[PDB]
Amino acid sequence: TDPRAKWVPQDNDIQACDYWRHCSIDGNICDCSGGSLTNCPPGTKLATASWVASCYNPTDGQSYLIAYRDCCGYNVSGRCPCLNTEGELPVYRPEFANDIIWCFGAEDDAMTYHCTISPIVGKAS
Amino acid sequence: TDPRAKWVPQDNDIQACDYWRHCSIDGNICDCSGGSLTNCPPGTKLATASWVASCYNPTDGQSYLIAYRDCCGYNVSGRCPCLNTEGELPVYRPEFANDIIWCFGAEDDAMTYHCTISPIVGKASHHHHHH
Amino acid sequence: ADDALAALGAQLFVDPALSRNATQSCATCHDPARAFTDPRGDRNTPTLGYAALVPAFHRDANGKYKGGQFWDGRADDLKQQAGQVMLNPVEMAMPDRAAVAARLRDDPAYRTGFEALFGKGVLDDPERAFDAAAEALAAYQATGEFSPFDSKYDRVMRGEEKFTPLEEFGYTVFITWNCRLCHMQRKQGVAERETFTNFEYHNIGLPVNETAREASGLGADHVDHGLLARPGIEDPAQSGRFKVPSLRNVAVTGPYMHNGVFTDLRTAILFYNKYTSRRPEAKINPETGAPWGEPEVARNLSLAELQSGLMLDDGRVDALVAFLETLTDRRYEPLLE
Amino acid sequence: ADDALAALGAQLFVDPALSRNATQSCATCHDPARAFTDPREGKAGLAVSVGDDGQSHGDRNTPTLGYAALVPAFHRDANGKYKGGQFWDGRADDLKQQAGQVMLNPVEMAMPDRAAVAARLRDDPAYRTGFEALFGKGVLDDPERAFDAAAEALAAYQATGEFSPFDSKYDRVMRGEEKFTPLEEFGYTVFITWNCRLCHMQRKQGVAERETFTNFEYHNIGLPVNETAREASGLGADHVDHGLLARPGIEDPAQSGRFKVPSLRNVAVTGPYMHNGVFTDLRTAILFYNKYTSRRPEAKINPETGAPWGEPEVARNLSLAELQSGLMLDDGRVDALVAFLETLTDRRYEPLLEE
Amino acid sequence: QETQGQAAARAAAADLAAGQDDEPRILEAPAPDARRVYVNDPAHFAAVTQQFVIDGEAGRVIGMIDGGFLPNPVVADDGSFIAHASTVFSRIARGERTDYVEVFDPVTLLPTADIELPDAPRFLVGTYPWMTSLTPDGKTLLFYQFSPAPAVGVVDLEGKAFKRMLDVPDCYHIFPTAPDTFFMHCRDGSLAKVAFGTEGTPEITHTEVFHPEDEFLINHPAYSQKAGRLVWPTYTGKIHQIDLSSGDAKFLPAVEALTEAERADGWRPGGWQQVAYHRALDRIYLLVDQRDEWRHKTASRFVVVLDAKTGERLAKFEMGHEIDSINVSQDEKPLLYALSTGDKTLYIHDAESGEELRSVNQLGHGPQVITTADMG
Amino acid sequence: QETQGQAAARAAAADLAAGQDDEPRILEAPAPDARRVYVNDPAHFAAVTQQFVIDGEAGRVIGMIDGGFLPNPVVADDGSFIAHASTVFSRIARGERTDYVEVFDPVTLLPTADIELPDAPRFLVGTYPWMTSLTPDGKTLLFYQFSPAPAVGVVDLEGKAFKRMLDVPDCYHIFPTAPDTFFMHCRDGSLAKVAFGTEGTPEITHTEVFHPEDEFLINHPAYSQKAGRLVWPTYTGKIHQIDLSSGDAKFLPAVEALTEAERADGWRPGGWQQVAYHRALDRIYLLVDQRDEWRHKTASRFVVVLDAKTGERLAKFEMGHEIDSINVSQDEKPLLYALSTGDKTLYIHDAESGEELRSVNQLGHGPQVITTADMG
Ligand code: HEC
Ligand code: HEC
Ligand code: HEC
Ligand code: HEC
Ligand SMILES: [Ca+2]
Ligand SMILES: [Ca+2]
Ligand code: NA
Ligand code: NA
Ligand code: NA
Ligand code: NA
């Protein structure tokens with residue numbers, strides 16, 4: 001609610017902007033347009049590129065690396081928009097930058113942004 | 001505000017959806033995207049096609065024919081959206097119907113809807129719709 | 001002087017003494033019984049009804065010519081037109097102004113009438129006599145009789161009666177389809193004395209009228225360039241353009257267009273479908289069963305207005321005819337079918 | 001059983017009696033001083049190894065045995081991807097089957113048959129005692145049982161901690177004992193966000209308990225023939241190494257040219273690289289991947305030769321979806337990845353990094 | 001009580017705690033069934049638009065389809081495919097226009113056909129379902145053209161090719177009854193039966209005129225192709241029912257959705273898709289409210305339910321929201337779908353009790369059209 | 001006091017009573033002047049977007065320009081044209097991609113050039129003004145490419161043709177200083193000066209590293225091409241200033257926009273276009289608020305104004321709305337523009353007093369970028 005307050009993660013609802021894996025999501029949660037937490041919706045193309053954030057999981061007190069991937073080739077879903085920027089750096093440190101449309105590697109050269117998935121790739125360190 | 005109440009025209013603000021000449025407008029008022037009450041914005045194309053309504057002017061108590069024209073060739077303006085349907089008939093009476101994109105005759109074959117102007121073209125009314 | 005000047009013009013108007021060999025008067029080709037057109041040259045004789053409402057010829061601020069008289073606007077106004085038509089070999093054909101003055105001087109009623117309005121000896125001065133006659137003729141055509149605004153349309157707009165459903169549909173078509181871009185006085189607003197023309201000049205791409213052209217003696221190598229023929233107009237964009245006619249009385253003043261090419265009002269309406277319809281039939285003139293014909297002048301066509309994207313189906317053609325018949329002056333309603 | 005079996009395997013692993021002319025043990029080609037790989041120069045440099053007969057060269061590069069015990073047994077997953085197994089082409093189901101294959105291969109240890117191996121085991125009193133205590137009296141008189149037991153012992157030895165110690169700087173850093181240098185840390189971040197992670201991480205998502213930087217799948221990354229090794233192996237100019245399709249029982253042409261994704265642990269010390277030893281230098285193996293992403297001319301040139309990388313040996317079935325990532329590694333990110341991969345070196349091999 | 005987002009959070013936490021791996025991939029939508037519902041967002045005339053595919057039972061978006069300017073959606077009744085006729089331009093809303101039909105697989109949502117329509121022939125209008133229609137066998141899509149005149153285009157979905165334009169009289173909308181026949185509603189008050197060949201002008205036959213010139217038939221009648229039933233309300237909620245099942249039009253007795261007393265008290269239908277029809281129950285649903293006679297496109301807050309055979313009223317539901325469009329699922333125990341353009345939300349009701357069960361929000365900019373398949 | 005809508009009603013009514021005629025036509029925008037302001041709406045990554053052209057004095061939309069996916073707007077300082085680099089696809093958001101540059105007449109808004117960029121070379125990113133940039137003479141447009149590697153595309157607007165891609169080091173943003181030279185900011189913390197020709201490896205030189213790896217420079221620095229002044233805030237409101245007007249970078253003293261006490265109490269800049277620079281007053285404006293260190297892209301409610309030469313604070317304005325971006329007009333007594341992405345409203349303030357003067361609402365779906373011309 002207060003947009004400037006420190007972001008407060010939860011592990012109880014993936015469609016909300018404060019779900020702990022969305023700590024550096026920019027765009028829309030794929031689960032709200034027919035994808036899931038870690039899968040793209042039908043008709044879209046899964047990018048191979050990613051950006052990373054270390055996101056704290058209040059369920060287990062561990063910080064995990066979330067390697068976001070975009071689902072691409074469709075106009076933006078318009079459902080569950082979120083923008084968080086925990087640890088997010090400017091564009092010259094692109095591995096942590098989230099205004100970039102990380103659709104590289106998507107099948108069929110898809111490069112429009114539909115939504116983003118939030119899979120874990122490792123423990124932070 | 002009651003959307004189902006009889007529409008109450010006014011003659012004091014052309015950007016509002018109850019301005020008297022907008023009695024059968026559907027879309028967006030051109031004056032809010034760089035047009036004026038009876039001119040299209042720069043960059044758009046004025047259609048020659050039109051739809052008509054007999055709109056009562058509360059100021060002078062006369063009913064005027066407003067032959068709406070669309071300004072075409074741009075994505076919808078998004079400013080000052082309005083839909084009124086005074087005397088509006090279904091599509092099989094297209095001279096009175098306002099869901100149709102009346103962009104025919106626009107330069108460069110423009111056919112996308114940007115906004116509508118509300119010029120007067122006569123002082124008359126209709127059998128199906130008179131004050 | 002107002003009434004008196006017009007009364008002098010009324011006498012001139014029916015007098016064959018204004019024609020080369022005393023064979024015809026203005027009324028010969030502009031019969032008051034037929035809305036001042038010819039009940040019986042390369043261009044069709046237009047009505048005089050409502051001609052007095054046309055502005056003097058001028059170039060407006062956007063570079064469009066408007067107003068004037070004759071199909072090509074070569075006369076600035078009614079007075080200038082009257083002088084031209086008295087001397088034009090294809091109309092009255094008087095050899096010169098002195099000949100006109102001489103005919104006037106021969107008639108004791110004209111001595112009285114012209115001297116009372118223009119001064120003693122006016123008929124001895126050919127320039128003044130001819131100019132006075134033209135002025136009286138113009139004044140006569142500016143009377144209420146020529147522009148009485150008593151058609152059904154007028155009565156309906158005054159709230160005195162109502163259109164029939166078919167006439168109301170035709171009216172609605174007329175004011176929403178391309179006809180109103182040219183056949184209404186104003187762009188928007190309400191005209192005080194509407195005459196169903198914006199007084200502009202447009203090439204609508206009419207074909208030659210073969211038989212009239214044959215009969216004109218102008219030669220088959222003649223091309224009618226419309227407004228470009230006005231002396232002092234040199235702009236090549238005006239070639240082939242003609243003054244938009246008033247549609248008042250149109251139901252009773254056939255045949256139609258500058259060259260009389262269509263006999264029936266319905267044909268004149270259907271011609272506009274050649275620009276919009278994709279049906280094979282839209283290509284055919286129903287009066288001949290053959291293609292309309294290539295434009296006489298294949299440039300400067302008003303394509304922006306004419307290529308409207310919409311075809312008039314037969315029901316809307318019937319509706320426009322019914323609407324156009326409501327523009328007939330009261331005294332001409334007996335002429336309708 | 002457990003310790004004792006691995007201990008019997010330890011003895012076998014260094015015993016050249018398991019080669020026909022008794023010139024080589026597993027340790028000859030898999031030298032513990034070199035992360036279990038072959039330091040010997042042959043007719044193709046270090047690309048391929050020389051067998052017991054002193055002449056025969058293999059056509060593939062001898063891989064490390066470190067961490068090979070974490071690989072699953074060969075299987076087809078439900079998506080129709082093959083995974084696991086041993087050898088670059090997965091032709092052994094697991095370590096025990098691999099051990100028997102190499103003992104009998106005439107290009108390597110060249111034992112003529114199982115009876116010959118059992119005969120050598122029978123010549124050694126310590127083997128009589130060690131095998132009999134684990135497998136029963138008379139085991140060494142039954143060539144099938146003797147040979148299977150030996151392979152089992154060798155597999156058990158490779159599954160001990162010595163081979164998979166998890167004591168690299170990477171492991172220390174993940175336990176929070178040390179930190180990466182900024183360059184190593186950048187290398188790590190690149191490795192996990194660029195395409196490397198799609199093949200060289202155990203899991204598709206979540207966290208591995210014992211990561212060995214391979215998903216154990218089979219991919220064709222479009223490598224050329226290493227011509228000096230192919231000449232040394234004598235297989236012929238018309239030979240094609242079909243990778244996984246050469247496994248018996250695999251008949252699917254889509255497997256042609258795919259090889260098992262190698263663990264990158266100890267990669268910095270186990271050059272030359274790839275299944276045929278074709279690149280000497282670690283940086284060159286990393287630069288190879290820019291041939292799928294960079295538009296610069298230099299990206300198609302092998303920096304070791306100054307010539308094009310070469311036509312792939314098998315032009316079909318390339319993993320283009322993964323390889324054609326759209327993004328080229330600049331020299332900074334190549335430096336960073338080298339620094340990071342160097343952190344995967346077991347502690348006991350850190351001194352090899354100097355050279 | 002547990003929402004889809006909460007259940008998903010729990011499943012993800014359990015997979016993480018269990019060390020379960022899974023491959024990030026493109027999901028398939030669940031197989032099309034009676035309770036799938038499509039919502040089209042014409043986005044108040046925006047140049048690009050969206051369709052939402054929704055599991056009406058769970059109240060979940062299961063996929064989406066992008067479209068161009070005022071596209072017309074169609075859904076095969078048997079579930080085998082969906083399609084739309086759509087329009088794009090080379091520079092967003094300006095430049096060269098391309099109109100085209102896309103057919104989509106209903107589980108992967110991938111286009112399986114993209115069929116260009118020559119000479120930009122679609123009618124661009126606020127979306128009316130029966131301005132583009134499938135034949136009962138699914139092999140043919142018919143779409144309406146207004147300029148230069150009423151016409152109908154024939155698109156062969158089997159051969160994936162535009163075929164030809166059919167000349168018709170001054171008529172509107174397309175109700176297919178056979179592989180080669182459809183009906184349209186004519187300005188003169190008749191329906192036209194249009195029967196078309198490989199070649200030739202079609203054979204066109206008019207019915208008697210069935211309503212007078214001052215009785216106004218809405219732009220959104222309901223039509224059940226499987227029943228041959230055309231349900232056509234007027235501005236006052238009088239309902240024309242035309243039975244097309246024999247192949248020719250039989251006019252059923254007229255029915256009034258509102259009583260005389262209700263009409264004198266100002267009740268009238270109003271909205272966008274004002275009428276739904278359930279084939280198995282032979283039942284009519286109409287969005288109605290108290291309103292001035294020229295507020296016929298405003299939302300309504302009530303639905304009346306009536307027996308199609310007798311006209312008897314069965315129910316009157318207070319919907320609880322400003323509803324613009326309704327439809328129903330065609331299975332037994334149907335759902336009543338109530339879409340609000342203003343709220344951008346589909347409310348999903350029990351059709352028998354009329355109570356709200358669940359809802360799906362954030363359905364684009366101005367969603368207006370609901371389509372279901374009649375799969376039974 | 002009387003609104004534009006009211007004044008227009010009063011005028012049309014006067015015209016009607018007087019029988020004044022006028023021709024319906026396409027208007028010209030009024031001549032570009034110092035108080036014209038452009039607002040671009042990236043529309044939260046929608047496939048199509050809009051720019052609004054606003055008379056900042058009247059608070060009136062005077063025109064619009066459509067664009068594709070995340071286009072980069074530019075405005076010539078002298079008022080002679082505007083342009084953008086844009087991207088469209090053959091089926092809304094899928095299919096063949098075309099990137100292109102359009103140049104527009106600033107009064108008719110008609111495109112006077114449309115220049116295809118081969119091989120879809122634009123960097124698709126949330127909109128940063130200095131990712132596409134005009135040279136000072138307005139003859140060349142330079143755009144950034146990220147994939148496969150950082151590179152800069154050179155577009156000849158005079159000849160209306162794409163010229164070439166330049167290879168650059170690992171650097172970002174494009175600040176042109178001459179017809180053939182521009183500066184970038186590199187990952188290593190230096191600026192790179194790139195001097196280029198029609199063919200040939202460009203000459204690239206670096207300044208010293210002017211910031212360490214843990215000081216973060218925002219994606220939206222202000223650059224005055226006419227002053228050669230690059231004003232680059234960090235996440236904490238420390239401001240670097242670099243003078244490029246001699247052709248080589250000279251560094252000016254760094255200043256702090258926030259006091260030590262404010263930073264201890266959690267004040268930090270934040271938003272999108274967080275900084276503006278007025279060239280004639282040599283004044284910097286920065287959007288700030290109390291916020292967590294990682295809420296750097298949230299709106300802010302305050303603007304601090306400081307003397308660029310001394311760092312002295314001149315004002316701190318309470319903007320009274322959630323503001324994401326600011327900019328100023330470059331005339332004498334400037335306007336301070338404050339754009340709210342959430343309200344989709346441009347608020348126009350007196351830059352000296354901070355007073356809100358007027359506002360322009362309904363500016364698309366998520367407007368983010370304000371551009372003005374420096375015509376002085
Ligand atoms: C021999 C037949 C004939 C006679 C006699 C004749 N006219 Fe005409 N009238 C025409 C024709 C033909 C035109 C069109 C000629 C053209 O456009 O070049 C014309 C056009 C006019 C017009 C122009 C109207 C318009 O809308 O363009 C006026 C006014 C006019 N006549 C008045 C007169 C008067 C007054 C007289 C008597 C002095 C007269 N006419 C005698 C045949 C005649
Ligand atoms: C582009 C301007 C323009 C448009 C649009 C236009 N007209 Fe005309 N119309 C003219 C001109 C000019 C003439 C005279 C043409 C000529 O004779 O060369 C004319 C002649 C006529 C005539 C013959 C009048 C006579 O006295 O000979 C009729 C009838 C007519 N128009 C009806 C219509 C109707 C009905 C429509 C709408 C379908 C229409 N017009 C559209 C310009 C226009
Ligand atoms: C002459 C050199 C040589 C000797 C001796 C040798 N190896 Fe190997 N080793 C190889 C080569 C070459 C390969 C790769 C062959 C292939 O993939 O076809 C190999 C592969 C392996 C592999 C598969 C590892 C992987 O990642 O695929 C294992 C396990 C193995 N060796 C263990 C042994 C054991 C145990 C012995 C002693 C019984 C042994 N090796 C003796 C050269 C040798
Ligand atoms: C498509 C799956 C895939 C991707 C993506 C991939 N690799 Fe590999 N990698 C392999 C396979 C398979 C091999 C062995 C190839 C062969 O020898 O035939 C290999 C071999 C290597 C080797 C040689 C190891 C050895 O022991 O010889 C290095 C180093 C390596 N990869 C590093 C990387 C880096 C760094 C990246 C990211 C830039 C990367 N790889 C991307 C599959 C992949
Ligand atoms: Ca005539
Ligand atoms: Ca090796
Ligand atoms: Na003739
Ligand atoms: Na001339
Ligand atoms: Na070699
Ligand atoms: Na095989």
# chains A, B, ... in the order shown; residues from 1 in each chain; ligands from 1
>>> residues_near_ligand(ligand="ligand 9", cutoff="6 Å", atoms="only C-alpha atoms and all ligand atoms", output="MDAnalysis selection string")
chainID D and resid 226:229 278
>>> interface_residues(of="chain E", to="chain D", cutoff="12 Å", atoms="only C-alpha atoms", output="compact mmCIF listing (two decimals) with N, CA, C and O atoms, in the first residue's frame")
# COMPACT_ATOMS: atom_id res chain seq x y z
N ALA E 12 4.01 -24.56 -4.88
CA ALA E 12 5.39 -24.17 -5.15
C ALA E 12 6.26 -24.36 -3.95
O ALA E 12 7.39 -24.83 -4.11
N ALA E 13 5.74 -23.99 -2.74
CA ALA E 13 6.53 -24.17 -1.52
C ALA E 13 6.74 -25.67 -1.30
O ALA E 13 7.81 -26.10 -0.89
N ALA E 14 5.71 -26.46 -1.55
CA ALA E 14 5.87 -27.93 -1.32
C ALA E 14 6.91 -28.52 -2.30
O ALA E 14 7.76 -29.36 -1.93
N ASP E 15 6.86 -28.08 -3.57
CA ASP E 15 7.85 -28.56 -4.54
C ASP E 15 9.25 -28.14 -4.12
O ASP E 15 10.17 -28.93 -4.14
N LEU E 16 9.43 -26.91 -3.69
CA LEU E 16 10.75 -26.51 -3.23
C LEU E 16 11.18 -27.34 -2.04
O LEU E 16 12.32 -27.81 -1.99
N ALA E 17 10.30 -27.49 -1.04
CA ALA E 17 10.72 -28.23 0.17
C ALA E 17 11.04 -29.67 -0.18
O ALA E 17 11.89 -30.24 0.43
N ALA E 18 10.37 -30.24 -1.18
CA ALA E 18 10.57 -31.65 -1.59
C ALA E 18 11.75 -31.83 -2.55
O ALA E 18 12.19 -32.97 -2.79
N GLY E 19 12.30 -30.72 -3.05
CA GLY E 19 13.34 -30.78 -4.11
C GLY E 19 12.83 -31.31 -5.44
O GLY E 19 13.59 -31.92 -6.19
N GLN E 20 11.55 -31.10 -5.73
CA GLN E 20 10.93 -31.53 -6.98
C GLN E 20 11.40 -30.56 -8.07
O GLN E 20 11.19 -29.36 -7.93
N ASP E 21 11.97 -31.09 -9.14
CA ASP E 21 12.36 -30.26 -10.30
C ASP E 21 11.16 -30.28 -11.29
O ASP E 21 10.25 -31.16 -11.22
N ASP E 22 11.13 -29.31 -12.18
CA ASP E 22 10.08 -29.24 -13.19
C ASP E 22 10.70 -28.38 -14.28
O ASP E 22 11.39 -27.41 -13.97
N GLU E 23 10.39 -28.67 -15.54
CA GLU E 23 10.96 -27.86 -16.67
C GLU E 23 10.11 -26.62 -17.05
O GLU E 23 8.95 -26.79 -17.39
N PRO E 24 10.65 -25.36 -16.91
CA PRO E 24 9.87 -24.20 -17.38
C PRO E 24 9.53 -24.37 -18.86
O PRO E 24 10.40 -24.79 -19.67
N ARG E 25 8.26 -24.16 -19.21
CA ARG E 25 7.81 -24.59 -20.58
C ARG E 25 6.55 -23.81 -20.90
O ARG E 25 6.05 -23.09 -20.08
>>> atom_distance(atom1="CA of residue 8 (chain A)", atom2="CA of residue 234 (chain F)")
24.3 Å
>>> residues_near_ligand(ligand="ligand 1", cutoff="6 Å", atoms="only C-alpha atoms and all ligand atoms", output="JSON, numbers by chain")
{"C": [13, 24, 25, 26, 28, 29, 43, 44, 45, 46, 48, 51, 69, 70, 71, 72, 78, 82, 85, 86, 91, 92, 137]}
>>> write_last_selection(atoms="N, CA and C atoms", output="PDB file, in the first residue's frame")
ATOM      1  N   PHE C  13     -38.058  40.710 -70.630  1.00  0.00           N
ATOM      2  CA  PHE C  13     -37.859  39.286 -70.528  1.00  0.00           C
ATOM      3  C   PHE C  13     -38.686  38.523 -71.552  1.00  0.00           C
ATOM      4  N   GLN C  24     -37.069  35.218 -80.712  1.00  0.00           N
ATOM      5  CA  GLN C  24     -37.124  34.596 -79.382  1.00  0.00           C
ATOM      6  C   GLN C  24     -36.871  35.602 -78.302  1.00  0.00           C
ATOM      7  N   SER C  25     -37.430  35.342 -77.121  1.00  0.00           N
ATOM      8  CA  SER C  25     -37.181  36.226 -75.955  1.00  0.00           C
ATOM      9  C   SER C  25     -36.479  35.350 -74.910  1.00  0.00           C
ATOM     10  N   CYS C  26     -36.094  35.920 -73.747  1.00  0.00           N
ATOM     11  CA  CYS C  26     -35.577  35.077 -72.671  1.00  0.00           C
ATOM     12  C   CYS C  26     -36.595  33.996 -72.367  1.00  0.00           C
ATOM     13  N   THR C  28     -38.551  32.329 -74.177  1.00  0.00           N
ATOM     14  CA  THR C  28     -38.490  31.225 -75.129  1.00  0.00           C
ATOM     15  C   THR C  28     -37.719  30.029 -74.550  1.00  0.00           C
ATOM     16  N   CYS C  29     -36.520  30.285 -74.031  1.00  0.00           N
ATOM     17  CA  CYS C  29     -35.729  29.186 -73.493  1.00  0.00           C
ATOM     18  C   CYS C  29     -35.911  29.014 -72.013  1.00  0.00           C
ATOM     19  N   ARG C  43     -24.751  23.381 -74.439  1.00  0.00           N
ATOM     20  CA  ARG C  43     -25.040  23.224 -73.032  1.00  0.00           C
ATOM     21  C   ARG C  43     -26.526  23.280 -72.833  1.00  0.00           C
ATOM     22  N   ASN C  44     -26.974  22.610 -71.788  1.00  0.00           N
ATOM     23  CA  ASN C  44     -28.376  22.567 -71.421  1.00  0.00           C
ATOM     24  C   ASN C  44     -28.793  23.928 -70.801  1.00  0.00           C
ATOM     25  N   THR C  45     -30.044  24.335 -71.077  1.00  0.00           N
ATOM     26  CA  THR C  45     -30.511  25.632 -70.560  1.00  0.00           C
ATOM     27  C   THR C  45     -30.905  25.482 -69.095  1.00  0.00           C
ATOM     28  N   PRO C  46     -30.255  26.230 -68.214  1.00  0.00           N
ATOM     29  CA  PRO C  46     -30.577  26.063 -66.798  1.00  0.00           C
ATOM     30  C   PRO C  46     -31.800  26.848 -66.345  1.00  0.00           C
ATOM     31  N   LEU C  48     -33.812  29.636 -64.222  1.00  0.00           N
ATOM     32  CA  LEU C  48     -33.549  30.951 -63.656  1.00  0.00           C
ATOM     33  C   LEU C  48     -34.034  31.029 -62.190  1.00  0.00           C
ATOM     34  N   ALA C  51     -31.596  31.723 -59.157  1.00  0.00           N
ATOM     35  CA  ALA C  51     -30.286  32.140 -59.670  1.00  0.00           C
ATOM     36  C   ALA C  51     -29.833  33.437 -58.985  1.00  0.00           C
ATOM     37  N   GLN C  69     -22.389  33.221 -63.011  1.00  0.00           N
ATOM     38  CA  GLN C  69     -23.542  32.728 -63.783  1.00  0.00           C
ATOM     39  C   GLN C  69     -22.998  32.092 -65.051  1.00  0.00           C
ATOM     40  N   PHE C  70     -23.859  31.247 -65.640  1.00  0.00           N
ATOM     41  CA  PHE C  70     -23.498  30.299 -66.715  1.00  0.00           C
ATOM     42  C   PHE C  70     -22.854  29.090 -66.080  1.00  0.00           C
ATOM     43  N   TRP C  71     -22.920  27.966 -66.787  1.00  0.00           N
ATOM     44  CA  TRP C  71     -22.337  26.705 -66.296  1.00  0.00           C
ATOM     45  C   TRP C  71     -20.832  26.821 -66.055  1.00  0.00           C
ATOM     46  N   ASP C  72     -20.161  27.709 -66.793  1.00  0.00           N
ATOM     47  CA  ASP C  72     -18.695  27.895 -66.603  1.00  0.00           C
ATOM     48  C   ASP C  72     -18.366  29.188 -65.845  1.00  0.00           C
ATOM     49  N   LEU C  78     -25.806  38.361 -62.405  1.00  0.00           N
ATOM     50  CA  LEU C  78     -26.946  38.366 -63.347  1.00  0.00           C
ATOM     51  C   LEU C  78     -26.871  39.515 -64.304  1.00  0.00           C
ATOM     52  N   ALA C  82     -26.807  38.912 -68.374  1.00  0.00           N
ATOM     53  CA  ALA C  82     -27.856  39.371 -69.283  1.00  0.00           C
ATOM     54  C   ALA C  82     -27.168  40.019 -70.476  1.00  0.00           C
ATOM     55  N   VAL C  85     -25.632  37.303 -72.700  1.00  0.00           N
ATOM     56  CA  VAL C  85     -26.575  36.391 -73.412  1.00  0.00           C
ATOM     57  C   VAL C  85     -27.275  37.187 -74.529  1.00  0.00           C
ATOM     58  N   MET C  86     -27.432  38.508 -74.343  1.00  0.00           N
ATOM     59  CA  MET C  86     -28.062  39.282 -75.433  1.00  0.00           C
ATOM     60  C   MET C  86     -27.149  39.310 -76.663  1.00  0.00           C
ATOM     61  N   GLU C  91     -27.237  32.326 -78.144  1.00  0.00           N
ATOM     62  CA  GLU C  91     -28.487  32.688 -77.485  1.00  0.00           C
ATOM     63  C   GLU C  91     -29.109  33.838 -78.322  1.00  0.00           C
ATOM     64  N   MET C  92     -29.164  35.045 -77.773  1.00  0.00           N
ATOM     65  CA  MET C  92     -29.989  36.095 -78.391  1.00  0.00           C
ATOM     66  C   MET C  92     -29.325  36.578 -79.686  1.00  0.00           C
ATOM     67  N   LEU C 137     -33.257  43.507 -66.421  1.00  0.00           N
ATOM     68  CA  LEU C 137     -33.376  42.020 -66.508  1.00  0.00           C
ATOM     69  C   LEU C 137     -32.877  41.322 -65.225  1.00  0.00           C
TER      70      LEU C 137
END
>>> interface_residues(of="chain C", to="chain F", cutoff="12 Å", atoms="only C-alpha atoms", output="PyMOL selection string")
chain C and resi 62+181+185-192+198
>>> residues_near_ligand(ligand="ligand 3", cutoff="6 Å", atoms="only C-alpha atoms and all ligand atoms", output="list in words")
residues 13, 24, 25, 26, 28, 29, 49, 50, 51, 58, 60, 61, 62, 63, 65, 68, 86, 87, 88, 89, 95, 98, 99, 102, 103, 108, 109 and 154 of chain D
